[PDB]
$ cat final35.cif   # mmCIF, C-alpha atoms and all ligand atoms
data_final
#
loop_
_atom_site.label_atom_id
_atom_site.label_comp_id
_atom_site.auth_asym_id
_atom_site.auth_seq_id
_atom_site.Cartn_x
_atom_site.Cartn_y
_atom_site.Cartn_z
CA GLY A 1 0.00 0.00 0.00
CA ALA A 2 1.36 3.37 1.19
CA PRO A 3 3.86 4.21 2.38
CA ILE A 4 6.35 1.84 0.77
CA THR A 5 8.77 0.33 3.23
CA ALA A 6 10.98 -2.70 2.73
CA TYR A 7 13.22 -5.02 4.70
CA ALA A 8 15.77 -7.69 3.71
CA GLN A 9 16.46 -11.19 5.00
CA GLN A 10 19.22 -13.60 4.05
CA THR A 11 18.37 -17.29 3.75
CA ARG A 12 21.40 -19.07 2.30
CA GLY A 13 25.20 -19.29 2.67
CA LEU A 14 27.87 -19.58 -0.03
CA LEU A 15 28.57 -23.32 0.20
CA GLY A 16 24.79 -23.83 0.33
CA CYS A 17 24.03 -21.95 -2.90
CA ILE A 18 26.69 -23.85 -4.85
CA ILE A 19 25.49 -27.28 -3.73
CA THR A 20 21.84 -26.33 -4.41
CA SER A 21 22.75 -24.93 -7.83
CA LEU A 22 24.01 -28.32 -8.98
CA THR A 23 21.48 -30.64 -7.31
CA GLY A 24 18.67 -28.30 -8.48
CA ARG A 25 16.58 -29.27 -5.43
CA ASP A 26 15.71 -26.41 -3.04
CA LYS A 27 13.78 -27.23 0.09
CA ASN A 28 13.72 -23.88 1.99
CA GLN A 29 10.31 -22.24 2.39
CA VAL A 30 9.41 -19.05 0.50
CA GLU A 31 8.00 -15.63 1.42
CA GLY A 32 7.60 -12.17 -0.12
CA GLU A 33 7.31 -10.45 -3.48
CA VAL A 34 10.94 -9.96 -4.42
CA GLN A 35 13.44 -12.78 -4.19
CA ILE A 36 17.22 -12.36 -4.01
CA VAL A 37 18.56 -14.98 -6.38
CA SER A 38 22.09 -15.89 -7.40
CA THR A 39 24.11 -17.99 -9.85
CA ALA A 40 27.86 -18.83 -9.98
CA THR A 41 29.19 -15.58 -11.36
CA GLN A 42 26.32 -13.18 -10.77
CA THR A 43 23.77 -12.34 -8.09
CA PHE A 44 20.68 -10.21 -8.76
CA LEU A 45 16.85 -9.92 -8.29
CA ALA A 46 13.56 -11.55 -9.39
CA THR A 47 9.98 -10.27 -8.96
CA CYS A 48 6.56 -11.99 -8.78
CA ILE A 49 3.70 -10.40 -10.77
CA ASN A 50 0.36 -12.17 -11.47
CA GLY A 51 1.46 -15.70 -10.68
CA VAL A 52 4.70 -15.35 -12.63
CA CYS A 53 8.22 -14.92 -11.22
CA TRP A 54 10.18 -12.63 -13.61
CA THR A 55 13.89 -11.62 -13.95
CA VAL A 56 16.59 -10.24 -16.32
CA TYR A 57 18.05 -12.48 -19.05
CA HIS A 58 21.49 -10.85 -18.75
CA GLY A 59 21.45 -12.60 -15.36
CA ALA A 60 19.34 -15.77 -15.56
CA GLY A 61 20.27 -16.65 -19.12
CA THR A 62 18.36 -19.77 -20.06
CA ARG A 63 18.68 -21.66 -16.72
CA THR A 64 16.04 -23.56 -14.71
CA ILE A 65 15.00 -22.58 -11.20
CA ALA A 66 15.68 -24.83 -8.24
CA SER A 67 12.40 -25.84 -6.58
CA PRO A 68 11.55 -28.46 -3.91
CA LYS A 69 10.31 -30.77 -6.69
CA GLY A 70 13.64 -30.45 -8.52
CA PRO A 71 14.56 -28.01 -11.34
CA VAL A 72 11.80 -26.08 -13.14
CA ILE A 73 12.05 -25.03 -16.80
CA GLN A 74 11.18 -21.47 -17.87
CA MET A 75 7.62 -20.53 -18.88
CA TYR A 76 8.51 -17.45 -20.92
CA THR A 77 11.67 -16.18 -22.64
CA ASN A 78 12.41 -13.02 -24.61
CA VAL A 79 16.09 -12.22 -25.25
CA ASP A 80 15.31 -9.07 -27.24
CA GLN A 81 13.58 -7.60 -24.22
CA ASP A 82 16.07 -8.99 -21.65
CA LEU A 83 13.17 -10.76 -19.89
CA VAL A 84 12.59 -14.29 -18.48
CA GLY A 85 10.07 -15.92 -16.13
CA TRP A 86 9.14 -19.11 -14.30
CA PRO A 87 5.98 -20.11 -12.39
CA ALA A 88 6.06 -18.24 -9.08
CA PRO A 89 7.29 -20.50 -6.27
CA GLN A 90 4.99 -21.95 -3.62
CA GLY A 91 4.62 -19.46 -0.79
CA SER A 92 5.51 -16.38 -2.83
CA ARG A 93 3.16 -13.36 -2.97
CA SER A 94 2.37 -11.65 -6.29
CA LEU A 95 2.22 -8.01 -7.25
CA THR A 96 -0.49 -6.39 -9.43
CA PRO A 97 0.25 -4.11 -12.46
CA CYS A 98 -0.13 -0.32 -12.15
CA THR A 99 -3.27 1.48 -13.42
CA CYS A 100 -2.88 4.97 -11.95
CA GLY A 101 -0.35 5.80 -14.75
CA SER A 102 1.33 8.13 -12.22
CA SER A 103 4.80 9.45 -13.10
CA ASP A 104 6.45 9.30 -9.64
CA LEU A 105 8.07 5.88 -9.36
CA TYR A 106 9.97 4.09 -6.59
CA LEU A 107 12.91 1.74 -7.07
CA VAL A 108 13.60 -1.06 -4.58
CA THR A 109 17.29 -2.02 -4.10
CA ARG A 110 18.83 -5.31 -2.99
CA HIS A 111 19.59 -3.55 0.34
CA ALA A 112 15.88 -2.76 0.77
CA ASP A 113 16.40 0.97 0.21
CA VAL A 114 13.53 2.73 -1.51
CA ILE A 115 14.79 5.21 -4.11
CA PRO A 116 12.59 8.00 -5.61
CA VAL A 117 12.55 8.05 -9.47
CA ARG A 118 10.77 10.44 -11.89
CA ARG A 119 9.54 9.02 -15.21
CA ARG A 120 10.62 10.37 -18.60
CA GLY A 121 10.05 7.90 -21.45
CA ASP A 122 8.54 4.39 -21.50
CA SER A 123 11.84 2.70 -20.67
CA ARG A 124 13.71 5.56 -18.91
CA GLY A 125 13.41 7.65 -15.77
CA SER A 126 15.71 9.89 -13.77
CA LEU A 127 17.21 9.75 -10.26
CA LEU A 128 16.26 12.52 -7.86
CA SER A 129 19.71 12.44 -6.25
CA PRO A 130 22.82 10.86 -7.76
CA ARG A 131 24.52 7.70 -6.42
CA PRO A 132 27.78 5.85 -7.28
CA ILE A 133 27.36 3.00 -9.73
CA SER A 134 28.64 0.40 -7.24
CA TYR A 135 25.64 1.10 -5.00
CA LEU A 136 23.06 0.16 -7.64
CA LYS A 137 24.89 -3.00 -8.57
CA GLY A 138 23.13 -6.32 -8.01
CA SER A 139 19.66 -4.80 -7.98
CA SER A 140 18.65 -5.79 -11.55
CA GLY A 141 15.14 -7.21 -11.85
CA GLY A 142 14.01 -5.21 -8.83
CA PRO A 143 10.56 -3.64 -9.19
CA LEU A 144 9.69 0.05 -9.75
CA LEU A 145 6.35 1.01 -8.15
CA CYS A 146 3.78 3.79 -8.29
CA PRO A 147 2.84 5.43 -4.97
CA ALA A 148 -0.10 2.98 -4.52
CA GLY A 149 2.37 0.01 -4.47
CA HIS A 150 1.92 -1.48 -7.95
CA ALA A 151 4.31 -2.83 -10.56
CA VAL A 152 5.39 -0.36 -13.23
CA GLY A 153 8.52 -2.15 -14.45
CA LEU A 154 11.86 -3.86 -13.79
CA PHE A 155 15.32 -2.30 -13.44
CA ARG A 156 17.44 -3.37 -16.41
CA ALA A 157 20.40 -0.93 -16.77
CA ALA A 158 21.78 2.36 -15.35
CA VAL A 159 22.95 5.67 -16.90
CA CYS A 160 26.36 6.74 -15.65
CA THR A 161 28.98 9.29 -16.62
CA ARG A 162 32.25 8.81 -14.63
CA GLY A 163 31.18 6.12 -12.16
CA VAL A 164 28.13 8.10 -11.00
CA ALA A 165 24.57 6.98 -11.83
CA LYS A 166 22.13 9.64 -13.08
CA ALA A 167 19.14 7.79 -14.60
CA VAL A 168 17.70 4.26 -15.01
CA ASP A 169 16.55 2.09 -17.89
CA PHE A 170 13.75 -0.37 -17.13
CA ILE A 171 11.36 -2.94 -18.69
CA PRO A 172 7.70 -1.70 -18.59
CA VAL A 173 4.71 -3.80 -17.52
CA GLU A 174 3.16 -3.85 -21.02
CA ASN A 175 6.22 -5.80 -22.23
CA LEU A 176 5.21 -8.66 -19.95
CA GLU A 177 1.88 -9.07 -21.72
CA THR A 178 3.66 -8.76 -25.07
CA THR A 179 5.96 -11.61 -24.23
CA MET A 180 3.15 -13.97 -23.05
CA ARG A 181 2.14 -14.90 -26.65
CA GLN B 1 19.86 -7.30 15.68
CA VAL B 2 16.40 -5.82 14.83
CA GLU B 3 16.60 -2.01 14.97
CA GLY B 4 14.09 0.88 15.03
CA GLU B 5 14.06 4.43 13.70
CA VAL B 6 11.42 5.55 16.20
CA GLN B 7 11.85 5.57 20.00
CA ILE B 8 9.02 5.77 22.53
CA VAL B 9 10.48 7.83 25.37
CA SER B 10 9.46 8.95 28.89
CA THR B 11 10.13 11.47 31.67
CA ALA B 12 8.50 11.86 35.08
CA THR B 13 5.52 13.97 33.94
CA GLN B 14 4.91 13.34 30.18
CA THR B 15 5.55 10.56 27.58
CA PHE B 16 6.20 11.09 23.85
CA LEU B 17 8.19 10.16 20.70
CA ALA B 18 11.71 10.36 19.33
CA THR B 19 12.92 9.78 15.76
CA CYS B 20 16.48 9.12 14.56
CA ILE B 21 17.60 11.04 11.49
CA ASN B 22 21.19 11.33 10.22
CA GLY B 23 23.05 10.13 13.37
CA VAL B 24 20.85 12.15 15.75
CA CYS B 25 17.91 11.11 17.90
CA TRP B 26 15.41 13.99 17.64
CA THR B 27 12.41 15.30 19.67
CA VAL B 28 10.37 18.31 20.99
CA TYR B 29 11.51 20.93 23.56
CA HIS B 30 8.03 21.00 25.15
CA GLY B 31 8.47 17.38 26.21
CA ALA B 32 12.21 17.27 26.87
CA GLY B 33 13.64 20.40 28.50
CA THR B 34 17.45 20.31 28.61
CA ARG B 35 17.43 16.77 30.00
CA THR B 36 20.14 14.28 29.32
CA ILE B 37 19.37 10.87 27.87
CA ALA B 38 19.89 7.67 29.88
CA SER B 39 22.59 5.19 28.73
CA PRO B 40 24.23 2.29 30.59
CA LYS B 41 27.42 4.30 30.75
CA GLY B 42 25.44 6.97 32.64
CA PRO B 43 23.82 10.29 31.46
CA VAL B 44 24.37 11.73 27.97
CA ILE B 45 24.16 15.49 27.20
CA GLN B 46 22.23 16.97 24.22
CA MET B 47 24.09 17.87 21.01
CA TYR B 48 21.72 20.45 19.65
CA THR B 49 19.24 22.70 21.47
CA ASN B 50 16.77 25.06 19.76
CA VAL B 51 14.08 26.78 21.84
CA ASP B 52 12.78 28.77 18.82
CA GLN B 53 12.18 25.56 16.93
CA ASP B 54 10.78 23.31 19.72
CA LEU B 55 13.76 21.08 18.86
CA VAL B 56 16.28 18.92 20.72
CA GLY B 57 18.88 16.28 19.73
CA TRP B 58 21.09 13.63 21.33
CA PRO B 59 23.60 11.25 19.73
CA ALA B 60 21.58 8.26 18.44
CA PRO B 61 21.27 5.42 21.05
CA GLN B 62 21.94 1.68 20.85
CA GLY B 63 19.43 -0.39 18.82
CA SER B 64 18.53 2.45 16.47
CA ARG B 65 18.80 2.95 12.74
CA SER B 66 18.32 6.28 10.97
CA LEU B 67 15.76 7.52 8.46
CA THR B 68 16.81 9.52 5.41
CA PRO B 69 15.36 12.99 4.56
CA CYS B 70 12.60 13.19 1.85
CA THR B 71 13.70 13.97 -1.67
CA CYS B 72 10.48 13.58 -3.70
CA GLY B 73 8.90 16.94 -2.78
CA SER B 74 5.51 15.10 -2.61
CA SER B 75 2.88 16.72 -0.40
CA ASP B 76 1.06 13.50 0.56
CA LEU B 77 2.32 12.60 4.02
CA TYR B 78 1.65 9.86 6.56
CA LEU B 79 1.91 10.38 10.30
CA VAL B 80 2.92 7.56 12.66
CA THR B 81 1.28 7.34 16.09
CA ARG B 82 2.82 5.85 19.23
CA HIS B 83 0.57 2.78 18.75
CA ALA B 84 2.00 2.46 15.23
CA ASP B 85 -1.07 3.58 13.31
CA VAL B 86 -0.76 5.44 10.02
CA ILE B 87 -2.71 8.66 9.49
CA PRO B 88 -2.87 10.17 5.97
CA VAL B 89 -2.16 13.93 5.86
CA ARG B 90 -2.07 16.67 3.22
CA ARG B 91 0.57 19.43 3.25
CA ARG B 92 -0.56 23.06 2.98
CA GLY B 93 2.33 25.39 3.99
CA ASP B 94 5.87 24.71 5.29
CA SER B 95 4.66 23.54 8.70
CA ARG B 96 0.91 23.15 8.13
CA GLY B 97 -0.77 19.90 7.18
CA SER B 98 -4.46 18.97 7.19
CA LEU B 99 -5.84 15.59 8.21
CA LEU B 100 -7.78 13.62 5.59
CA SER B 101 -9.83 12.07 8.34
CA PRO B 102 -10.39 14.35 11.37
CA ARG B 103 -10.05 12.71 14.80
CA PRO B 104 -10.69 13.13 18.56
CA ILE B 105 -7.84 14.99 20.32
CA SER B 106 -7.29 12.09 22.77
CA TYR B 107 -6.05 9.92 19.87
CA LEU B 108 -3.01 11.98 18.77
CA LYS B 109 -1.77 12.67 22.29
CA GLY B 110 1.65 11.37 23.37
CA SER B 111 2.76 11.12 19.75
CA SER B 112 4.84 14.30 19.48
CA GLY B 113 8.36 14.06 18.04
CA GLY B 114 7.21 11.19 15.79
CA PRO B 115 7.82 11.30 12.04
CA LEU B 116 5.81 12.56 9.07
CA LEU B 117 6.73 10.30 6.14
CA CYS B 118 6.44 10.75 2.34
CA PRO B 119 5.13 7.86 0.19
CA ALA B 120 8.69 6.53 -0.24
CA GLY B 121 9.02 5.98 3.50
CA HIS B 122 11.50 8.86 3.66
CA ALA B 123 11.27 11.67 6.28
CA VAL B 124 9.64 15.13 6.01
CA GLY B 125 9.06 16.50 9.56
CA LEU B 126 8.40 15.80 13.23
CA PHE B 127 4.88 16.29 14.63
CA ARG B 128 4.92 19.50 16.76
CA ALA B 129 1.22 19.92 17.87
CA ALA B 130 -2.44 19.38 16.84
CA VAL B 131 -4.91 22.10 15.78
CA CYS B 132 -8.27 21.82 17.48
CA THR B 133 -11.71 23.32 17.08
CA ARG B 134 -13.81 22.25 20.09
CA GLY B 135 -11.75 19.19 20.96
CA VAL B 136 -11.61 17.80 17.44
CA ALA B 137 -8.15 17.82 15.81
CA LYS B 138 -8.37 18.91 12.17
CA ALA B 139 -4.86 19.84 11.03
CA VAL B 140 -1.28 19.51 12.32
CA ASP B 141 1.84 21.54 12.85
CA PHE B 142 5.27 19.93 12.31
CA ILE B 143 8.97 20.87 12.28
CA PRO B 144 10.29 20.64 8.69
CA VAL B 145 13.36 18.59 7.89
CA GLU B 146 15.32 21.57 6.47
CA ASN B 147 15.46 22.85 10.05
CA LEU B 148 17.06 19.71 11.50
CA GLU B 149 19.74 20.23 8.84
CA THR B 150 20.40 23.93 9.52
CA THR B 151 20.37 23.16 13.23
CA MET B 152 23.06 20.47 12.55
CA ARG B 153 25.32 23.41 11.60
CA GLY C 1 16.13 14.10 35.63
CA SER C 2 16.85 12.06 32.46
CA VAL C 3 14.84 10.93 29.38
CA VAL C 4 14.24 7.18 29.34
CA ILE C 5 13.74 4.82 26.34
CA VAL C 6 10.76 2.54 26.97
CA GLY C 7 10.06 1.02 23.53
CA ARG C 8 10.98 1.10 19.83
CA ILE C 9 9.08 1.06 16.52
CA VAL C 10 10.33 -0.44 13.24
CA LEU C 11 8.72 1.12 10.12
CA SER C 12 9.68 -1.82 7.87
CA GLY C 13 7.53 -4.33 9.79
CA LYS C 14 10.59 -6.62 10.15
CA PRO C 15 10.34 -9.52 12.62
CA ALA C 16 12.97 -11.31 14.74
CA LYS D 1 25.30 -24.81 -16.75
CA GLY D 2 23.86 -24.84 -13.19
CA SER D 3 20.52 -23.61 -11.77
CA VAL D 4 19.29 -20.29 -10.40
CA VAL D 5 19.07 -20.40 -6.58
CA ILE D 6 17.07 -18.19 -4.19
CA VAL D 7 19.30 -16.83 -1.38
CA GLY D 8 17.16 -14.13 0.22
CA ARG D 9 13.89 -12.20 0.07
CA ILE D 10 12.65 -8.61 0.28
CA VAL D 11 9.21 -8.05 1.84
CA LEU D 12 7.07 -5.06 0.84
CA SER D 13 3.86 -6.12 2.61
CA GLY D 14 5.43 -5.30 6.00
CA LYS D 15 3.82 -2.51 8.02
CA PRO D 16 5.22 -0.56 11.03
CA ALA D 17 4.82 -2.21 14.45
CA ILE D 18 6.28 -2.18 18.02
CA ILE D 19 9.33 -4.48 18.45
CA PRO D 20 8.41 -7.12 21.06
CA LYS D 21 10.62 -7.91 24.07
MG MG A 201 14.10 -0.55 3.90
MG MG A 202 6.77 -3.00 4.11
ZN ZN A 203 -0.62 2.50 -9.88
ZN ZN A 204 10.22 11.45 -0.54
#

$ encode --input "final35.cif" --output "C-alpha cells"
Amino acid sequence: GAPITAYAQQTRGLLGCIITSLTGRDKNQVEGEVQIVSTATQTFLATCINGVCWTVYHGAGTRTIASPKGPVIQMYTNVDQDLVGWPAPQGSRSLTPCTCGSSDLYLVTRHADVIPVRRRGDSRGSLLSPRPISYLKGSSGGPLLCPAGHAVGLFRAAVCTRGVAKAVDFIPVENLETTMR
Amino acid sequence: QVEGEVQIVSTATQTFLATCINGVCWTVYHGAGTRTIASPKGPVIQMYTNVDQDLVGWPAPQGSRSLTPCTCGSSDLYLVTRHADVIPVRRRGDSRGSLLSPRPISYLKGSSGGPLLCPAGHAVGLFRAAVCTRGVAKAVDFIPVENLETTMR
Amino acid sequence: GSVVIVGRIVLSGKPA
Amino acid sequence: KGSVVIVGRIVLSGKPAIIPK
C-alpha cells in the first residue's frame, strides 16, 4: 500500500548456494514479493507479478530454477527484451500491475532501500539524487512502483557518466503481456 | 539485531516520541527540557538545542537505525502514532498539514516528536502539535526537515 | 532528571 | 550450466509495528 517500506532477510550461505545450484533441489520455504537470487558468477533480483516470477536475461540466461520438486524449466523467454520468467514459487506473494499511470516511481534495491525516481520515457526515468554506480549493482530485476504500491517495471540498466549513476533504464509492464504470446 | 528508527520515550511527567535522522535522535523541547538521555554508561548530554524551533537532539542510542530525509517533494504525508497507526495527511504550507480524516484529540496525544513520512518511506518533519476546534483535531503543525539540517550546523 | 527509552518502533515491519 | 538459486527475500507487505521484548 502506502507508504512503501521494505526489509531484507538472508536465507542461504555460499557453500549452500553452490550445492543447491548443482542438485537443483531447493527445500527452503518461500516468502515475499521480491526474491534475491544468485548464480555462480552473478547475483541479482527476481519479482513476482500475477502468478509469474520474472527476472533479467542478462542474469538468468536460459537456466532452470531450483524448486523443492527439482529443477523447473522457464515458462517465458524473450532475449530481445532482456526478460525471463518461471511459475512463481509456492509461498511467494504476487504483485499487481499499475493502473494509476502516475509518473512518480519508486525503485527497490537489494539492500531494501527505496529510491525515488521520476519518469521520462517508456523505458527511462531519472534519479532525484545521484549515487555511485557500485551502490546500484546487483539490484537488476528489482521492481519500480507507483505510490499505490503497484508494478510499473523492472530495473534493467543504469545511466552513468564517470562512475556516478544519473538515470535508469527499465522494462515496462506492457512488455510482460507482449511476451506472453 | 532488529533495529528501530522511532523511540518511545518517557520522563516523570509526560511521555512522547523520538525519531532518529542522520546520526541524531530527535524530539520536541516542550516534552524534553534540557534533560540528558539515559545510557548504561550513565547520562548523555544533548548535542543540539533550539528553543525557537521546539527542537532537541542527542547522539543516536543503541538499537537504532536512521531515516533519510525526503527527496520527492511530494505533499502526501503519513503520520505515525505511538501505537504504530498510520494517518494520511495533506501538506498546505511549510509547517501546516491537514488531516484527511479528522479525529478526537485524545487519539493523537503522546505522539509528538514522531515522524511525518512521504510515500517513499522517507522523512519530512516531526509532529509539533495538533490544531483543534472544540476538541476535534483537524490539522497539524510539524517541524520541517530543512530545520534539523540547519540546526546540525 | 533524564529521558528514558521505553520502547521502539520499526517502520519496515521486520520480525525477529 | 547450473541452476538459479534463491538466497534471500525482500518483503514489501510489512507494516510498522512495536518491536516485542
Ligand atoms: Mg528498507
Ligand atoms: Mg513494508
Ligand atoms: Zn498505480
Ligand atoms: Zn520522498

$ residues_near_ligand --input "final35.cif" --ligand "ligand MG 201 (chain A)" --cutoff "10 Å" --atoms "all atoms listed in the file" --output "count of residues only"
24

$ atom_distance --input "final35.cif" --atom1 "atom CA of residue A:44" --atom2 "atom CA of residue B:68"
24.6 Å

$ interface_residues --input "final35.cif" --of "chain B" --to "chain A" --cutoff "8 Å" --atoms "only C-alpha atoms" --output "PyMOL selection string"
chain B and resi 71-72+78+117-121

$ atom_distance --input "final35.cif" --atom1 "atom CA of residue A:92" --atom2 "atom CA of residue A:28"
12.1 Å

$ atom_distance --input "final35.cif" --atom1 "atom CA of residue B:23" --atom2 "atom CA of residue B:74"
24.2 Å

$ residues_near_point --input "final35.cif" --point "(9.3, -1.9, 19.0)" --cutoff "9 Å" --atoms "all atoms listed in the file" --output "list in words"
residues 3, 4, 6, 7 and 8 of chain B; 7, 8, 9 and 10 of chain C; 17, 18, 19, 20 and 21 of chain D

$ write_last_selection --input "final35.cif" --atoms "C-alpha atoms" --output "PDB file, in the frame of the given file"
ATOM      1  CA  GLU B   3      16.600  -2.010  14.970  1.00  0.00           C
ATOM      2  CA  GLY B   4      14.090   0.880  15.030  1.00  0.00           C
ATOM      3  CA  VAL B   6      11.420   5.550  16.200  1.00  0.00           C
ATOM      4  CA  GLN B   7      11.850   5.570  20.000  1.00  0.00           C
ATOM      5  CA  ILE B   8       9.020   5.770  22.530  1.00  0.00           C
TER       6      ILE B   8
ATOM      7  CA  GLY C   7      10.060   1.020  23.530  1.00  0.00           C
ATOM      8  CA  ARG C   8      10.980   1.100  19.830  1.00  0.00           C
ATOM      9  CA  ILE C   9       9.080   1.060  16.520  1.00  0.00           C
ATOM     10  CA  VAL C  10      10.330  -0.440  13.240  1.00  0.00           C
TER      11      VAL C  10
ATOM     12  CA  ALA D  17       4.820  -2.210  14.450  1.00  0.00           C
ATOM     13  CA  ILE D  18       6.280  -2.180  18.020  1.00  0.00           C
ATOM     14  CA  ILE D  19       9.330  -4.480  18.450  1.00  0.00           C
ATOM     15  CA  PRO D  20       8.410  -7.120  21.060  1.00  0.00           C
ATOM     16  CA  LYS D  21      10.620  -7.910  24.070  1.00  0.00           C
TER      17      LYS D  21
END

$ interface_residues --input "final35.cif" --of "chain A" --to "chain D" --cutoff "9 Å" --atoms "only C-alpha atoms" --output "PDB file with C-alpha atoms, in the frame of the given file"
ATOM      1  CA  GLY A   1       0.000   0.000   0.000  1.00  0.00           C
ATOM      2  CA  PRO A   3       3.860   4.210   2.380  1.00  0.00           C
ATOM      3  CA  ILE A   4       6.350   1.840   0.770  1.00  0.00           C
ATOM      4  CA  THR A   5       8.770   0.330   3.230  1.00  0.00           C
ATOM      5  CA  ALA A   6      10.980  -2.700   2.730  1.00  0.00           C
ATOM      6  CA  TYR A   7      13.220  -5.020   4.700  1.00  0.00           C
ATOM      7  CA  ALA A   8      15.770  -7.690   3.710  1.00  0.00           C
ATOM      8  CA  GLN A   9      16.460 -11.190   5.000  1.00  0.00           C
ATOM      9  CA  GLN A  10      19.220 -13.600   4.050  1.00  0.00           C
ATOM     10  CA  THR A  11      18.370 -17.290   3.750  1.00  0.00           C
ATOM     11  CA  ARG A  12      21.400 -19.070   2.300  1.00  0.00           C
ATOM     12  CA  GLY A  13      25.200 -19.290   2.670  1.00  0.00           C
ATOM     13  CA  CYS A  17      24.030 -21.950  -2.900  1.00  0.00           C
ATOM     14  CA  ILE A  18      26.690 -23.850  -4.850  1.00  0.00           C
ATOM     15  CA  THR A  20      21.840 -26.330  -4.410  1.00  0.00           C
ATOM     16  CA  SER A  21      22.750 -24.930  -7.830  1.00  0.00           C
ATOM     17  CA  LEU A  22      24.010 -28.320  -8.980  1.00  0.00           C
ATOM     18  CA  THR A  23      21.480 -30.640  -7.310  1.00  0.00           C
ATOM     19  CA  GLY A  24      18.670 -28.300  -8.480  1.00  0.00           C
ATOM     20  CA  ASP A  26      15.710 -26.410  -3.040  1.00  0.00           C
ATOM     21  CA  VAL A  30       9.410 -19.050   0.500  1.00  0.00           C
ATOM     22  CA  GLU A  31       8.000 -15.630   1.420  1.00  0.00           C
ATOM     23  CA  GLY A  32       7.600 -12.170  -0.120  1.00  0.00           C
ATOM     24  CA  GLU A  33       7.310 -10.450  -3.480  1.00  0.00           C
ATOM     25  CA  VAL A  34      10.940  -9.960  -4.420  1.00  0.00           C
ATOM     26  CA  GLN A  35      13.440 -12.780  -4.190  1.00  0.00           C
ATOM     27  CA  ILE A  36      17.220 -12.360  -4.010  1.00  0.00           C
ATOM     28  CA  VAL A  37      18.560 -14.980  -6.380  1.00  0.00           C
ATOM     29  CA  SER A  38      22.090 -15.890  -7.400  1.00  0.00           C
ATOM     30  CA  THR A  39      24.110 -17.990  -9.850  1.00  0.00           C
ATOM     31  CA  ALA A  40      27.860 -18.830  -9.980  1.00  0.00           C
ATOM     32  CA  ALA A  60      19.340 -15.770 -15.560  1.00  0.00           C
ATOM     33  CA  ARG A  63      18.680 -21.660 -16.720  1.00  0.00           C
ATOM     34  CA  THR A  64      16.040 -23.560 -14.710  1.00  0.00           C
ATOM     35  CA  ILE A  65      15.000 -22.580 -11.200  1.00  0.00           C
ATOM     36  CA  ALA A  66      15.680 -24.830  -8.240  1.00  0.00           C
ATOM     37  CA  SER A  67      12.400 -25.840  -6.580  1.00  0.00           C
ATOM     38  CA  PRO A  71      14.560 -28.010 -11.340  1.00  0.00           C
ATOM     39  CA  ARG A 110      18.830  -5.310  -2.990  1.00  0.00           C
ATOM     40  CA  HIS A 111      19.590  -3.550   0.340  1.00  0.00           C
ATOM     41  CA  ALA A 112      15.880  -2.760   0.770  1.00  0.00           C
ATOM     42  CA  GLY A 149       2.370   0.010  -4.470  1.00  0.00           C
TER      43      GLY A 149
END

$ residues_around --input "final35.cif" --residues "residue B:137" --least-positions-apart "4" --cutoff "8 Å" --atoms "only C-alpha atoms" --output "list in words"
residues 102, 103, 104, 105, 130, 131, 132 and 133 of chain B

$ residues_near_ligand --input "final35.cif" --ligand "ligand ZN 203 (chain A)" --cutoff "6 Å" --atoms "all atoms listed in the file" --output "JSON, numbers by chain"
{"A": [98, 99, 100, 101, 146, 148, 150]}

$ closest_residue --input "final35.cif" --among "B:37, B:86, B:12, B:70" --to "chain C" --atoms "all atoms listed in the file"
B:37

$ closest_residue --input "final35.cif" --among "B:108, B:2, B:25, B:89" --to "chain D" --atoms "all atoms listed in the file"
B:2

$ residues_around --input "final35.cif" --residues "stretch 165-172 of chain A" --least-positions-apart "3" --cutoff "10 Å" --atoms "all atoms listed in the file" --output "compact mmCIF listing (two decimals) with C-alpha atoms, keeping the file's coordinate frame"
# COMPACT_ATOMS: atom_id res chain seq x y z
CA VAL A 56 16.59 -10.24 -16.32
CA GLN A 81 13.58 -7.60 -24.22
CA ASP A 82 16.07 -8.99 -21.65
CA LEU A 83 13.17 -10.76 -19.89
CA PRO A 97 0.25 -4.11 -12.46
CA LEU A 107 12.91 1.74 -7.07
CA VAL A 117 12.55 8.05 -9.47
CA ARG A 118 10.77 10.44 -11.89
CA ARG A 119 9.54 9.02 -15.21
CA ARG A 120 10.62 10.37 -18.60
CA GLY A 121 10.05 7.90 -21.45
CA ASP A 122 8.54 4.39 -21.50
CA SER A 123 11.84 2.70 -20.67
CA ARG A 124 13.71 5.56 -18.91
CA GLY A 125 13.41 7.65 -15.77
CA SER A 126 15.71 9.89 -13.77
CA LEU A 127 17.21 9.75 -10.26
CA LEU A 128 16.26 12.52 -7.86
CA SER A 129 19.71 12.44 -6.25
CA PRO A 130 22.82 10.86 -7.76
CA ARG A 131 24.52 7.70 -6.42
CA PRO A 132 27.78 5.85 -7.28
CA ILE A 133 27.36 3.00 -9.73
CA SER A 134 28.64 0.40 -7.24
CA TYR A 135 25.64 1.10 -5.00
CA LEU A 136 23.06 0.16 -7.64
CA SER A 140 18.65 -5.79 -11.55
CA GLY A 141 15.14 -7.21 -11.85
CA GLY A 142 14.01 -5.21 -8.83
CA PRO A 143 10.56 -3.64 -9.19
CA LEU A 144 9.69 0.05 -9.75
CA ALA A 151 4.31 -2.83 -10.56
CA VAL A 152 5.39 -0.36 -13.23
CA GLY A 153 8.52 -2.15 -14.45
CA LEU A 154 11.86 -3.86 -13.79
CA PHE A 155 15.32 -2.30 -13.44
CA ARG A 156 17.44 -3.37 -16.41
CA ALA A 157 20.40 -0.93 -16.77
CA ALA A 158 21.78 2.36 -15.35
CA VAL A 159 22.95 5.67 -16.90
CA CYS A 160 26.36 6.74 -15.65
CA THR A 161 28.98 9.29 -16.62
CA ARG A 162 32.25 8.81 -14.63
CA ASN A 175 6.22 -5.80 -22.23
CA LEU A 176 5.21 -8.66 -19.95
CA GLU A 177 1.88 -9.07 -21.72

$ residues_around --input "final35.cif" --residues "residue C:4" --least-positions-apart "5" --cutoff "7 Å" --atoms "all atoms listed in the file" --output "list in words"
residues 9, 10, 11, 37 and 38 of chain B
